[PDB]
Every structure is written in structure tokens, then in C-alpha cells.
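Source file input_10.cif; content: mmCIF, N, CA and C atoms and all ligand atoms.
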data_work
loop_
_atom_site.label_atom_id
_atom_site.label_comp_id
_atom_site.auth_asym_id
_atom_site.auth_seq_id
_atom_site.Cartn_x
_atom_site.Cartn_y
_atom_site.Cartn_z
N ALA A 1 -4.95 -15.77 -5.09
CA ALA A 1 -5.69 -14.61 -4.46
C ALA A 1 -5.05 -13.28 -4.78
N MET A 2 -5.67 -12.52 -5.68
CA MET A 2 -5.15 -11.16 -6.00
C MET A 2 -5.40 -10.23 -4.83
N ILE A 3 -4.59 -9.19 -4.74
CA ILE A 3 -4.74 -8.13 -3.76
C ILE A 3 -5.55 -7.00 -4.38
N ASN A 4 -5.19 -6.63 -5.60
CA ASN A 4 -5.91 -5.58 -6.28
C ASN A 4 -6.97 -6.21 -7.16
N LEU A 5 -8.22 -5.84 -6.96
CA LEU A 5 -9.32 -6.50 -7.63
C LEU A 5 -9.75 -5.74 -8.87
N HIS A 6 -9.73 -4.41 -8.80
CA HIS A 6 -10.38 -3.62 -9.85
C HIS A 6 -9.62 -2.39 -10.34
N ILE A 7 -8.49 -2.04 -9.74
CA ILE A 7 -7.86 -0.77 -10.09
C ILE A 7 -6.98 -0.89 -11.33
N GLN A 8 -7.18 0.00 -12.32
CA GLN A 8 -6.27 0.12 -13.46
C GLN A 8 -5.77 -1.26 -13.95
N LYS A 9 -6.69 -2.14 -14.30
CA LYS A 9 -6.29 -3.51 -14.69
C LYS A 9 -5.58 -3.64 -16.09
N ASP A 10 -5.64 -2.56 -16.87
CA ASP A 10 -4.90 -2.45 -18.14
C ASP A 10 -3.45 -2.00 -17.94
N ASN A 11 -3.03 -1.88 -16.68
CA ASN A 11 -1.64 -1.56 -16.35
C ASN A 11 -1.02 -2.83 -15.73
N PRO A 12 0.02 -3.40 -16.35
CA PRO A 12 0.49 -4.69 -15.83
C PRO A 12 1.20 -4.56 -14.48
N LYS A 13 1.56 -3.34 -14.08
CA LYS A 13 2.19 -3.15 -12.77
C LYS A 13 2.06 -1.73 -12.32
N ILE A 14 1.20 -1.50 -11.30
CA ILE A 14 0.84 -0.15 -10.91
C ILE A 14 1.86 0.39 -9.91
N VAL A 15 2.58 1.45 -10.30
CA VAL A 15 3.62 2.06 -9.45
C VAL A 15 3.27 3.51 -9.52
N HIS A 16 3.37 4.20 -8.38
CA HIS A 16 3.17 5.65 -8.34
C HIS A 16 4.45 6.29 -7.86
N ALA A 17 4.78 7.48 -8.37
CA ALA A 17 5.96 8.21 -7.87
C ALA A 17 5.62 9.68 -7.75
N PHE A 18 5.88 10.27 -6.57
CA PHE A 18 5.64 11.68 -6.31
C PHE A 18 6.91 12.33 -5.79
N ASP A 19 7.08 13.62 -6.14
CA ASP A 19 8.14 14.45 -5.61
C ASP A 19 7.65 15.10 -4.33
N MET A 20 8.46 15.03 -3.29
CA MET A 20 8.11 15.58 -1.98
C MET A 20 7.72 17.06 -2.10
N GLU A 21 8.37 17.79 -3.00
CA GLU A 21 8.05 19.20 -3.25
C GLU A 21 6.57 19.41 -3.58
N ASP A 22 5.95 18.46 -4.28
CA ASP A 22 4.55 18.60 -4.71
C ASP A 22 3.52 18.12 -3.70
N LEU A 23 3.99 17.61 -2.56
CA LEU A 23 3.10 16.94 -1.59
C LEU A 23 2.34 17.89 -0.66
N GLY A 24 2.93 19.03 -0.33
CA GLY A 24 2.29 19.91 0.62
C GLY A 24 2.47 19.42 2.03
N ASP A 25 1.44 19.61 2.85
CA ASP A 25 1.49 19.35 4.29
C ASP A 25 1.54 17.86 4.66
N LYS A 26 0.65 17.08 4.04
CA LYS A 26 0.40 15.67 4.38
C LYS A 26 -0.23 14.97 3.18
N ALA A 27 0.24 13.76 2.89
CA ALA A 27 -0.43 12.91 1.89
C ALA A 27 -0.67 11.55 2.54
N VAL A 28 -1.86 10.99 2.34
CA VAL A 28 -2.19 9.71 2.95
C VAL A 28 -2.47 8.72 1.82
N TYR A 29 -1.61 7.69 1.72
CA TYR A 29 -1.58 6.79 0.58
C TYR A 29 -2.22 5.42 0.92
N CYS A 30 -3.03 4.90 -0.02
CA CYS A 30 -3.77 3.65 0.16
C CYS A 30 -2.83 2.46 0.02
N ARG A 31 -2.93 1.50 0.94
CA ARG A 31 -2.18 0.25 0.81
C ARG A 31 -3.09 -0.95 0.74
N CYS A 32 -4.38 -0.71 0.54
CA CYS A 32 -5.35 -1.80 0.52
C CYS A 32 -5.97 -2.01 -0.84
N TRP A 33 -5.78 -1.08 -1.76
CA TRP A 33 -6.27 -1.25 -3.13
C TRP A 33 -7.78 -1.34 -3.19
N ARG A 34 -8.45 -0.66 -2.24
CA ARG A 34 -9.93 -0.54 -2.23
C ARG A 34 -10.41 0.91 -2.31
N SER A 35 -9.49 1.87 -2.21
CA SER A 35 -9.86 3.29 -2.25
C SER A 35 -10.42 3.65 -3.62
N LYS A 36 -11.44 4.51 -3.62
CA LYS A 36 -11.97 5.04 -4.86
C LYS A 36 -11.15 6.23 -5.34
N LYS A 37 -10.20 6.66 -4.51
CA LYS A 37 -9.33 7.79 -4.83
C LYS A 37 -7.88 7.31 -4.94
N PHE A 38 -7.69 6.00 -5.06
CA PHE A 38 -6.36 5.42 -5.21
C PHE A 38 -5.53 6.25 -6.18
N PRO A 39 -4.26 6.53 -5.86
CA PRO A 39 -3.40 6.02 -4.79
C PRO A 39 -3.61 6.63 -3.38
N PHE A 40 -4.56 7.55 -3.22
CA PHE A 40 -4.83 8.14 -1.90
C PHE A 40 -5.86 7.36 -1.11
N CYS A 41 -5.71 7.41 0.23
CA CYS A 41 -6.58 6.66 1.13
C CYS A 41 -7.87 7.41 1.23
N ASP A 42 -8.98 6.69 1.15
CA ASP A 42 -10.27 7.33 1.40
C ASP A 42 -11.06 6.62 2.50
N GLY A 43 -10.37 5.91 3.38
CA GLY A 43 -11.03 5.20 4.47
C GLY A 43 -11.56 3.81 4.12
N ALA A 44 -11.39 3.37 2.87
CA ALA A 44 -11.90 2.05 2.46
C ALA A 44 -11.29 0.86 3.21
N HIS A 45 -10.06 1.01 3.73
CA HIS A 45 -9.40 -0.05 4.51
C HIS A 45 -10.27 -0.57 5.67
N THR A 46 -11.04 0.33 6.29
CA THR A 46 -11.84 0.03 7.47
C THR A 46 -12.85 -1.06 7.13
N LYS A 47 -13.57 -0.90 6.03
CA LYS A 47 -14.57 -1.90 5.67
C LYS A 47 -13.86 -3.18 5.24
N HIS A 48 -12.72 -3.03 4.56
CA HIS A 48 -11.94 -4.19 4.16
C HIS A 48 -11.53 -5.02 5.39
N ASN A 49 -10.96 -4.35 6.40
CA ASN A 49 -10.55 -5.00 7.63
C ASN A 49 -11.72 -5.67 8.32
N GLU A 50 -12.86 -4.98 8.35
CA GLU A 50 -14.09 -5.50 8.96
C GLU A 50 -14.55 -6.81 8.32
N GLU A 51 -14.64 -6.82 6.99
CA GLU A 51 -15.13 -7.97 6.22
C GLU A 51 -14.21 -9.17 6.25
N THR A 52 -12.91 -8.94 6.39
CA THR A 52 -11.91 -9.98 6.18
C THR A 52 -11.13 -10.36 7.45
N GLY A 53 -11.16 -9.50 8.47
CA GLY A 53 -10.39 -9.72 9.69
C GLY A 53 -8.95 -9.25 9.54
N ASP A 54 -8.66 -8.50 8.47
CA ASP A 54 -7.30 -8.04 8.13
C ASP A 54 -6.97 -6.81 8.98
N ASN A 55 -5.74 -6.31 8.87
CA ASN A 55 -5.25 -5.22 9.71
C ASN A 55 -4.44 -4.23 8.89
N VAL A 56 -4.84 -3.97 7.64
CA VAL A 56 -4.00 -3.12 6.80
C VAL A 56 -4.47 -1.70 6.99
N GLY A 57 -3.61 -0.75 6.65
CA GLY A 57 -3.93 0.65 6.80
C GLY A 57 -2.93 1.42 5.95
N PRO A 58 -3.13 2.75 5.88
CA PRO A 58 -2.35 3.61 4.98
C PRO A 58 -0.91 4.00 5.41
N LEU A 59 -0.26 4.68 4.46
CA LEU A 59 1.08 5.27 4.61
C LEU A 59 0.93 6.78 4.57
N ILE A 60 1.45 7.45 5.60
CA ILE A 60 1.29 8.89 5.70
C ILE A 60 2.64 9.52 5.51
N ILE A 61 2.73 10.49 4.60
CA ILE A 61 3.97 11.19 4.40
C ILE A 61 3.65 12.63 4.73
N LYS A 62 4.40 13.19 5.68
CA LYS A 62 4.08 14.50 6.19
C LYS A 62 5.31 15.38 6.42
N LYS A 63 5.08 16.69 6.52
CA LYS A 63 6.12 17.61 6.97
C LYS A 63 6.23 17.57 8.49
N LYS A 64 7.47 17.51 8.97
CA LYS A 64 7.79 17.57 10.40
C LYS A 64 7.47 18.96 10.94
N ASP B 1 -16.54 -22.00 -0.41
CA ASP B 1 -17.13 -21.04 0.59
C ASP B 1 -16.69 -19.58 0.42
N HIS B 2 -17.49 -18.81 -0.32
CA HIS B 2 -17.22 -17.39 -0.57
C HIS B 2 -17.57 -16.45 0.61
N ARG B 3 -18.04 -17.04 1.71
CA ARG B 3 -18.27 -16.28 2.92
C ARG B 3 -16.91 -15.87 3.51
N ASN B 4 -15.87 -16.67 3.25
CA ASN B 4 -14.55 -16.38 3.82
C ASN B 4 -13.82 -15.54 2.80
N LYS B 5 -13.55 -14.30 3.17
CA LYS B 5 -12.98 -13.35 2.23
C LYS B 5 -11.51 -13.22 2.54
N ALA B 6 -10.69 -13.22 1.50
CA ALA B 6 -9.27 -13.33 1.62
C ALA B 6 -8.66 -12.05 2.18
N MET B 7 -7.68 -12.21 3.05
CA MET B 7 -6.94 -11.06 3.56
C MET B 7 -5.92 -10.61 2.54
N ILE B 8 -5.53 -9.35 2.63
CA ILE B 8 -4.46 -8.77 1.84
C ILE B 8 -3.12 -9.04 2.55
N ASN B 9 -3.05 -8.69 3.83
CA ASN B 9 -1.83 -8.92 4.58
C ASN B 9 -1.96 -10.28 5.22
N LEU B 10 -1.03 -11.16 4.92
CA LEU B 10 -1.13 -12.53 5.45
C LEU B 10 -0.35 -12.67 6.74
N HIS B 11 0.76 -11.94 6.88
CA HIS B 11 1.70 -12.25 7.93
C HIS B 11 2.32 -11.11 8.70
N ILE B 12 2.17 -9.87 8.24
CA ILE B 12 2.95 -8.81 8.80
C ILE B 12 2.28 -8.28 10.07
N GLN B 13 3.07 -8.23 11.17
CA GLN B 13 2.68 -7.52 12.38
C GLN B 13 1.23 -7.82 12.76
N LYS B 14 0.85 -9.09 12.84
CA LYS B 14 -0.57 -9.45 13.10
C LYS B 14 -1.12 -9.09 14.49
N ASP B 15 -0.21 -8.73 15.40
CA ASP B 15 -0.57 -8.27 16.74
C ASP B 15 -0.98 -6.79 16.74
N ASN B 16 -0.85 -6.15 15.58
CA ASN B 16 -1.24 -4.75 15.41
C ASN B 16 -2.60 -4.68 14.70
N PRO B 17 -3.64 -4.13 15.35
CA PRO B 17 -4.94 -4.31 14.70
C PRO B 17 -5.15 -3.48 13.44
N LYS B 18 -4.29 -2.49 13.19
CA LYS B 18 -4.40 -1.71 11.96
C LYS B 18 -3.04 -1.07 11.73
N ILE B 19 -2.33 -1.54 10.70
CA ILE B 19 -0.97 -1.10 10.43
C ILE B 19 -0.90 0.15 9.58
N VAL B 20 -0.42 1.21 10.22
CA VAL B 20 -0.28 2.56 9.62
C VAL B 20 1.19 2.96 9.83
N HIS B 21 1.84 3.53 8.81
CA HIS B 21 3.17 4.08 9.01
C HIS B 21 3.11 5.57 8.70
N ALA B 22 3.84 6.37 9.45
CA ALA B 22 3.83 7.81 9.20
C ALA B 22 5.28 8.24 9.22
N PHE B 23 5.70 8.94 8.17
CA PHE B 23 7.07 9.44 8.05
C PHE B 23 7.09 10.93 7.76
N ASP B 24 8.09 11.63 8.31
CA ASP B 24 8.39 13.00 7.95
C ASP B 24 9.31 13.02 6.74
N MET B 25 8.99 13.86 5.75
CA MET B 25 9.76 13.95 4.50
C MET B 25 11.27 14.20 4.68
N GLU B 26 11.58 15.03 5.66
CA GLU B 26 12.93 15.47 5.93
C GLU B 26 13.82 14.28 6.30
N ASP B 27 13.19 13.20 6.72
CA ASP B 27 13.86 12.01 7.22
C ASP B 27 14.01 10.97 6.11
N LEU B 28 13.44 11.26 4.94
CA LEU B 28 13.37 10.31 3.82
C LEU B 28 14.58 10.19 2.89
N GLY B 29 15.53 11.13 2.93
CA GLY B 29 16.66 11.10 1.98
C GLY B 29 16.24 11.51 0.57
N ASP B 30 16.94 11.03 -0.45
CA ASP B 30 16.61 11.36 -1.85
C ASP B 30 15.40 10.60 -2.41
N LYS B 31 15.08 9.46 -1.80
CA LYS B 31 14.11 8.51 -2.37
C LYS B 31 13.73 7.50 -1.31
N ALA B 32 12.46 7.08 -1.29
CA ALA B 32 11.97 6.03 -0.40
C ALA B 32 11.00 5.27 -1.25
N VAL B 33 11.06 3.94 -1.20
CA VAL B 33 10.20 3.09 -2.01
C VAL B 33 9.40 2.19 -1.08
N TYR B 34 8.09 2.39 -1.04
CA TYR B 34 7.21 1.74 -0.06
C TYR B 34 6.39 0.61 -0.63
N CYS B 35 6.24 -0.45 0.16
CA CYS B 35 5.49 -1.67 -0.25
C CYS B 35 3.98 -1.45 -0.17
N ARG B 36 3.27 -1.87 -1.22
CA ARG B 36 1.83 -1.82 -1.25
C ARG B 36 1.25 -3.23 -1.45
N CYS B 37 2.10 -4.25 -1.37
CA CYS B 37 1.60 -5.63 -1.57
C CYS B 37 1.62 -6.44 -0.29
N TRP B 38 2.24 -5.92 0.78
CA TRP B 38 2.27 -6.69 2.05
C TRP B 38 3.02 -8.02 1.98
N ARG B 39 3.99 -8.14 1.06
CA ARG B 39 4.76 -9.39 1.00
C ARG B 39 6.24 -9.12 1.24
N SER B 40 6.66 -7.86 1.27
CA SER B 40 8.07 -7.51 1.47
C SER B 40 8.61 -7.99 2.82
N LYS B 41 9.84 -8.48 2.86
CA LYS B 41 10.46 -8.84 4.13
C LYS B 41 10.99 -7.61 4.85
N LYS B 42 10.87 -6.45 4.21
CA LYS B 42 11.41 -5.20 4.74
C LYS B 42 10.29 -4.19 4.93
N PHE B 43 9.06 -4.69 5.11
CA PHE B 43 7.89 -3.84 5.18
C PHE B 43 8.12 -2.82 6.27
N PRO B 44 7.76 -1.55 6.04
CA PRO B 44 6.96 -0.95 4.98
C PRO B 44 7.68 -0.64 3.67
N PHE B 45 8.94 -1.04 3.55
CA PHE B 45 9.70 -0.80 2.30
C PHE B 45 9.57 -1.95 1.31
N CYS B 46 9.49 -1.59 0.02
CA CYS B 46 9.47 -2.55 -1.06
C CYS B 46 10.85 -3.24 -1.18
N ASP B 47 10.84 -4.57 -1.23
CA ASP B 47 12.08 -5.33 -1.53
C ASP B 47 11.97 -6.19 -2.81
N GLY B 48 10.99 -5.90 -3.65
CA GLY B 48 10.86 -6.60 -4.94
C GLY B 48 9.88 -7.77 -4.87
N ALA B 49 9.35 -8.05 -3.67
CA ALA B 49 8.43 -9.18 -3.46
C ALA B 49 7.12 -9.13 -4.28
N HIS B 50 6.72 -7.95 -4.70
CA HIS B 50 5.50 -7.79 -5.50
C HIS B 50 5.62 -8.56 -6.81
N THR B 51 6.84 -8.73 -7.33
CA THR B 51 7.01 -9.38 -8.61
C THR B 51 6.52 -10.81 -8.53
N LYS B 52 6.97 -11.53 -7.51
CA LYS B 52 6.58 -12.94 -7.34
C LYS B 52 5.08 -13.04 -7.06
N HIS B 53 4.53 -12.10 -6.25
CA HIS B 53 3.09 -12.05 -5.96
C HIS B 53 2.32 -11.95 -7.28
N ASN B 54 2.70 -10.98 -8.12
CA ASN B 54 2.05 -10.73 -9.41
C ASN B 54 2.14 -11.96 -10.32
N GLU B 55 3.30 -12.61 -10.38
CA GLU B 55 3.41 -13.78 -11.26
C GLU B 55 2.53 -14.92 -10.75
N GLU B 56 2.45 -15.10 -9.43
CA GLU B 56 1.72 -16.23 -8.85
C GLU B 56 0.21 -16.05 -8.92
N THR B 57 -0.26 -14.82 -8.80
CA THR B 57 -1.69 -14.58 -8.67
C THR B 57 -2.33 -13.88 -9.89
N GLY B 58 -1.53 -13.31 -10.79
CA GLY B 58 -2.07 -12.59 -11.95
C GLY B 58 -2.39 -11.13 -11.64
N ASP B 59 -1.97 -10.68 -10.47
CA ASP B 59 -2.14 -9.32 -10.03
C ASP B 59 -1.15 -8.34 -10.68
N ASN B 60 -1.32 -7.05 -10.36
CA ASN B 60 -0.57 -6.01 -11.04
C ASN B 60 -0.25 -4.90 -10.05
N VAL B 61 0.03 -5.27 -8.81
CA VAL B 61 0.35 -4.29 -7.78
C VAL B 61 1.85 -3.94 -7.83
N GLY B 62 2.20 -2.77 -7.32
CA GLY B 62 3.62 -2.34 -7.32
C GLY B 62 3.73 -1.27 -6.26
N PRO B 63 4.95 -0.81 -6.03
CA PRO B 63 5.22 0.11 -4.93
C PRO B 63 4.83 1.57 -5.13
N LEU B 64 5.02 2.36 -4.06
CA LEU B 64 4.85 3.79 -4.04
C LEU B 64 6.22 4.42 -3.83
N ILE B 65 6.62 5.34 -4.71
CA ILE B 65 7.93 6.02 -4.57
C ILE B 65 7.75 7.49 -4.20
N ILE B 66 8.45 7.94 -3.18
CA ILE B 66 8.44 9.34 -2.80
C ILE B 66 9.86 9.82 -2.99
N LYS B 67 10.09 10.86 -3.81
CA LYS B 67 11.44 11.37 -3.98
C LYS B 67 11.54 12.88 -4.20
N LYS B 68 12.76 13.34 -4.46
CA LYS B 68 13.04 14.75 -4.69
C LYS B 68 13.07 15.03 -6.20
N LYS B 69 12.41 16.13 -6.59
CA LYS B 69 12.32 16.55 -8.00
C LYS B 69 13.67 16.66 -8.74
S1 LIG A 101 -8.37 3.36 1.62
FE1 LIG A 101 -6.75 1.82 1.32
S2 LIG A 101 -5.38 2.08 3.04
FE2 LIG A 101 -7.05 3.55 3.38
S1 LIG A 102 7.62 -5.63 -2.15
FE1 LIG A 102 5.51 -4.99 -1.92
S2 LIG A 102 5.19 -3.43 -3.45
FE2 LIG A 102 7.31 -4.13 -3.75
#

Rendering of file as C-alpha cells:
Amino acid sequence: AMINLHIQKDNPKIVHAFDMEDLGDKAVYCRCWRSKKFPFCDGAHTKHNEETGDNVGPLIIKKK
Amino acid sequence: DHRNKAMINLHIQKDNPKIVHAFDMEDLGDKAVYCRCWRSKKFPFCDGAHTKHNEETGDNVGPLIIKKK
């Protein structure tokens, strides 16, 4: 059972790296691999959780 | 039976109906490496578990890194 079904399948291992300096106020990152704006969350987790009974959700990196 | 759709997170914090983590950058140090495969024993941090997931399932998931320029 794969987790990522369709994103960047020509990449054998998808890793993203960002510098905190470039982030601004808040960045919300997808952990469900269903976002159409991956690596950013676009709310797709909700339908994923609904269909599957799962409980996954995003990672938020923000300024204090 | 394709009516039963596979979960992404199999085991982590199942008493939590939707797992979200929120961190302030100032608290992150030089680098933080976050799990996006839900198999790490150190979740929400990556501990290398994605490698075994990828070999077993044919997937290509990997972590998210936040660091200083
Ligand atoms: S769209 Fe994937 S965690 Fe929100
Ligand atoms: S252990 Fe999950 S992405 Fe590395």
C-alpha cells in the first residue's frame, strides 16, 4: 500500500527543504500526499480522512 | 474489496481525530527534519523509516526539512 499515489512519480524520493528566512509568517505543509499544491496543504486531508477513517493532518511552521 | 480504502497513518496517535503539529521557527534550532510517511518512531520527526516503507511498497515519499540559509 503506497502512501503517495500520484505526486512527482519520476522522483524516486520526494524531499523538500526550505530556509526559515524564506517562509514569512506561516507555512502549512501537506502530510497526506493528496494536496494539489503539494508540498503545501490545500485541505485535501479532510476528504482523505473522510473516505478512509484516517486522522492525518498538516505541519504548520510559524513565527512566534 | 476496493470499497475499503487504505489509511496513510496506521498507528500514530489514533485517539486524536486529526493530527496537526504547529511549531514556532525560533524554537527549531539550525534544522528540523519532519516525517511525511507516518512510520517514524519519533513522529512528527523523520527517523529514516520512510526508506523501509519505500522499499516495501514501491513508494517515493521522504521528509520535509526546515532550516537556516
Ligand atoms: S492537504 Fe495534505 S495534510 Fe492538508
Ligand atoms: S521517517 Fe517518515 S519521512 Fe522519514

Please return as a short mmCIF file (atom, residue, chain, number, x, y, z; two decimals) with N, CA and C atoms, in the coordinates of the input every residue within 7 Å of (0.0, -16.0, -3.8), taking into account all atoms listed in the file and the file's own coordinates.
data_model
loop_
_atom_site.label_atom_id
_atom_site.label_comp_id
_atom_site.auth_asym_id
_atom_site.auth_seq_id
_atom_site.Cartn_x
_atom_site.Cartn_y
_atom_site.Cartn_z
N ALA A 1 -4.95 -15.77 -5.09
CA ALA A 1 -5.69 -14.61 -4.46
C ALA A 1 -5.05 -13.28 -4.78
N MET A 2 -5.67 -12.52 -5.68
CA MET A 2 -5.15 -11.16 -6.00
C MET A 2 -5.40 -10.23 -4.83
N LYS B 52 6.97 -11.53 -7.51
CA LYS B 52 6.58 -12.94 -7.34
C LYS B 52 5.08 -13.04 -7.06
N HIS B 53 4.53 -12.10 -6.25
CA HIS B 53 3.09 -12.05 -5.96
C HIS B 53 2.32 -11.95 -7.28
N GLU B 56 2.45 -15.10 -9.43
CA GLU B 56 1.72 -16.23 -8.85
C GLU B 56 0.21 -16.05 -8.92
N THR B 57 -0.26 -14.82 -8.80
CA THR B 57 -1.69 -14.58 -8.67
C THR B 57 -2.33 -13.88 -9.89
#

Any idea what's packed within 6 Å of range 4-9 of chain B, counting all atoms listed in the file, ignoring anything in its chain fewer than 3 positions away? Could you give it as JSON, numbers by chain? {"A": [3, 51, 52, 54], "B": [1, 12, 38]}

Return as JSON, numbers by chain the residues belonging to chain B that are within 6 Å of chain A, counting all atoms listed in the file. {"B": [5, 6, 7, 8, 16, 17, 18, 19, 20, 21, 22, 23, 24, 25, 26, 36, 57, 59, 60, 61, 62, 63, 64, 65, 66, 67, 68, 69]}

Within 8 Å of ligand LIG 102 (chain A) (only C-alpha atoms and all ligand atoms), residues as a PDB file with N, CA and C atoms, in the frame of the given file:
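What landed in result19.pdb:
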ATOM      1  N   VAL B  33      11.060   3.940  -1.200  1.00  0.00           N
ATOM      2  CA  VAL B  33      10.200   3.090  -2.010  1.00  0.00           C
ATOM      3  C   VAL B  33       9.400   2.190  -1.080  1.00  0.00           C
ATOM      4  N   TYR B  34       8.090   2.390  -1.040  1.00  0.00           N
ATOM      5  CA  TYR B  34       7.210   1.740  -0.060  1.00  0.00           C
ATOM      6  C   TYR B  34       6.390   0.610  -0.630  1.00  0.00           C
ATOM      7  N   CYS B  35       6.240  -0.450   0.160  1.00  0.00           N
ATOM      8  CA  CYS B  35       5.490  -1.670  -0.250  1.00  0.00           C
ATOM      9  C   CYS B  35       3.980  -1.450  -0.170  1.00  0.00           C
ATOM     10  N   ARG B  36       3.270  -1.870  -1.220  1.00  0.00           N
ATOM     11  CA  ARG B  36       1.830  -1.820  -1.250  1.00  0.00           C
ATOM     12  C   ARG B  36       1.250  -3.230  -1.450  1.00  0.00           C
ATOM     13  N   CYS B  37       2.100  -4.250  -1.370  1.00  0.00           N
ATOM     14  CA  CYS B  37       1.600  -5.630  -1.570  1.00  0.00           C
ATOM     15  C   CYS B  37       1.620  -6.440  -0.290  1.00  0.00           C
ATOM     16  N   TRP B  38       2.240  -5.920   0.780  1.00  0.00           N
ATOM     17  CA  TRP B  38       2.270  -6.690   2.050  1.00  0.00           C
ATOM     18  C   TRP B  38       3.020  -8.020   1.980  1.00  0.00           C
ATOM     19  N   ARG B  39       3.990  -8.140   1.060  1.00  0.00           N
ATOM     20  CA  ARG B  39       4.760  -9.390   1.000  1.00  0.00           C
ATOM     21  C   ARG B  39       6.240  -9.120   1.240  1.00  0.00           C
ATOM     22  N   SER B  40       6.660  -7.860   1.270  1.00  0.00           N
ATOM     23  CA  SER B  40       8.070  -7.510   1.470  1.00  0.00           C
ATOM     24  C   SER B  40       8.610  -7.990   2.820  1.00  0.00           C
ATOM     25  N   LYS B  41       9.840  -8.480   2.860  1.00  0.00           N
ATOM     26  CA  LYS B  41      10.460  -8.840   4.130  1.00  0.00           C
ATOM     27  C   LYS B  41      10.990  -7.610   4.850  1.00  0.00           C
ATOM     28  N   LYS B  42      10.870  -6.450   4.210  1.00  0.00           N
ATOM     29  CA  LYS B  42      11.410  -5.200   4.740  1.00  0.00           C
ATOM     30  C   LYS B  42      10.290  -4.190   4.930  1.00  0.00           C
ATOM     31  N   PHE B  43       9.060  -4.690   5.110  1.00  0.00           N
ATOM     32  CA  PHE B  43       7.890  -3.840   5.180  1.00  0.00           C
ATOM     33  C   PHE B  43       8.120  -2.820   6.270  1.00  0.00           C
ATOM     34  N   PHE B  45       8.940  -1.040   3.550  1.00  0.00           N
ATOM     35  CA  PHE B  45       9.700  -0.800   2.300  1.00  0.00           C
ATOM     36  C   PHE B  45       9.570  -1.950   1.310  1.00  0.00           C
ATOM     37  N   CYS B  46       9.490  -1.590   0.020  1.00  0.00           N
ATOM     38  CA  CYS B  46       9.470  -2.550  -1.060  1.00  0.00           C
ATOM     39  C   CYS B  46      10.850  -3.240  -1.180  1.00  0.00           C
ATOM     40  N   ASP B  47      10.840  -4.570  -1.230  1.00  0.00           N
ATOM     41  CA  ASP B  47      12.080  -5.330  -1.530  1.00  0.00           C
ATOM     42  C   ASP B  47      11.970  -6.190  -2.810  1.00  0.00           C
ATOM     43  N   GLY B  48      10.990  -5.900  -3.650  1.00  0.00           N
ATOM     44  CA  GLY B  48      10.860  -6.600  -4.940  1.00  0.00           C
ATOM     45  C   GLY B  48       9.880  -7.770  -4.870  1.00  0.00           C
ATOM     46  N   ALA B  49       9.350  -8.050  -3.670  1.00  0.00           N
ATOM     47  CA  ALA B  49       8.430  -9.180  -3.460  1.00  0.00           C
ATOM     48  C   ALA B  49       7.120  -9.130  -4.280  1.00  0.00           C
ATOM     49  N   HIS B  50       6.720  -7.950  -4.700  1.00  0.00           N
ATOM     50  CA  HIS B  50       5.500  -7.790  -5.500  1.00  0.00           C
ATOM     51  C   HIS B  50       5.620  -8.560  -6.810  1.00  0.00           C
ATOM     52  N   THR B  51       6.840  -8.730  -7.330  1.00  0.00           N
ATOM     53  CA  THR B  51       7.010  -9.380  -8.610  1.00  0.00           C
ATOM     54  C   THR B  51       6.520 -10.810  -8.530  1.00  0.00           C
ATOM     55  N   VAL B  61       0.030  -5.270  -8.810  1.00  0.00           N
ATOM     56  CA  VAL B  61       0.350  -4.290  -7.780  1.00  0.00           C
ATOM     57  C   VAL B  61       1.850  -3.940  -7.830  1.00  0.00           C
ATOM     58  N   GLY B  62       2.200  -2.770  -7.320  1.00  0.00           N
ATOM     59  CA  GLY B  62       3.620  -2.340  -7.320  1.00  0.00           C
ATOM     60  C   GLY B  62       3.730  -1.270  -6.260  1.00  0.00           C
ATOM     61  N   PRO B  63       4.950  -0.810  -6.030  1.00  0.00           N
ATOM     62  CA  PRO B  63       5.220   0.110  -4.930  1.00  0.00           C
ATOM     63  C   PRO B  63       4.830   1.570  -5.130  1.00  0.00           C
ATOM     64  N   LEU B  64       5.020   2.360  -4.060  1.00  0.00           N
ATOM     65  CA  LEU B  64       4.850   3.790  -4.040  1.00  0.00           C
ATOM     66  C   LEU B  64       6.220   4.420  -3.830  1.00  0.00           C
TER      67      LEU B  64
END

What separation in Å, quoted to one decimal, exists between atom N of residue 50 in chain A and atom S2 of ligand LIG 101 (chain A)?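 Atom-to-atom, atom N of residue 50 in chain A to atom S2 of ligand LIG 101 (chain A), that is 11.6 Å.
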
Would you compute the box with edges along x, y and z of the file around range 19-31 of chain B, including every atom the file lists for it and 3 Å extra on each side, and give its centre and edge lengths in Å to one decimal, as AutoDock Vina command-line options?
--center_x 7.3 --center_y 7.0 --center_z 4.1 --size_x 25.3 --size_y 23.0 --size_z 19.1

Do you have the CA of residue 34 in chain A-atom FE1 of ligand LIG 101 (chain A) distance handy? 5.3 Å

Just to confirm, what's the straight-line distance from atom N of residue 14 in chain B to atom N of residue 44 in chain B in Å (one decimal)? 12.3 Å

Taking the DSSP assignment computed from this structure's backbone, write out as a ChimeraX atom specification all residues of chain B that belong to helix (DSSP H, G or I). /B:25-27,49-57

Could you pull range 8-26 of chain A out of the structure just shown and give C-alpha atoms as a PDB file, in the first residue's frame?
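decode-v7.pdb written:
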ATOM      1  CA  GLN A   8       6.123  13.521  -8.828  1.00  0.00           C
ATOM      2  CA  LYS A   9       6.423   9.773  -9.569  1.00  0.00           C
ATOM      3  CA  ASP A  10       9.607  10.339 -11.672  1.00  0.00           C
ATOM      4  CA  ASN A  11      11.371  11.302  -8.420  1.00  0.00           C
ATOM      5  CA  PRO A  12      12.498   8.177  -6.537  1.00  0.00           C
ATOM      6  CA  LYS A  13      12.336  10.006  -3.186  1.00  0.00           C
ATOM      7  CA  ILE A  14      10.496  13.273  -2.667  1.00  0.00           C
ATOM      8  CA  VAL A  15      12.182  15.524  -0.063  1.00  0.00           C
ATOM      9  CA  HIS A  16      11.560  19.244   0.312  1.00  0.00           C
ATOM     10  CA  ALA A  17      13.851  21.717   2.092  1.00  0.00           C
ATOM     11  CA  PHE A  18      13.081  25.362   2.915  1.00  0.00           C
ATOM     12  CA  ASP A  19      15.025  28.095   4.693  1.00  0.00           C
ATOM     13  CA  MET A  20      13.081  29.661   7.561  1.00  0.00           C
ATOM     14  CA  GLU A  21      14.121  33.092   6.210  1.00  0.00           C
ATOM     15  CA  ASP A  22      12.011  32.473   3.069  1.00  0.00           C
ATOM     16  CA  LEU A  23       8.893  31.268   4.922  1.00  0.00           C
ATOM     17  CA  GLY A  24       7.299  34.523   6.032  1.00  0.00           C
ATOM     18  CA  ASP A  25       4.512  34.446   8.616  1.00  0.00           C
ATOM     19  CA  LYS A  26       3.187  30.860   8.358  1.00  0.00           C
TER      20      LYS A  26
END
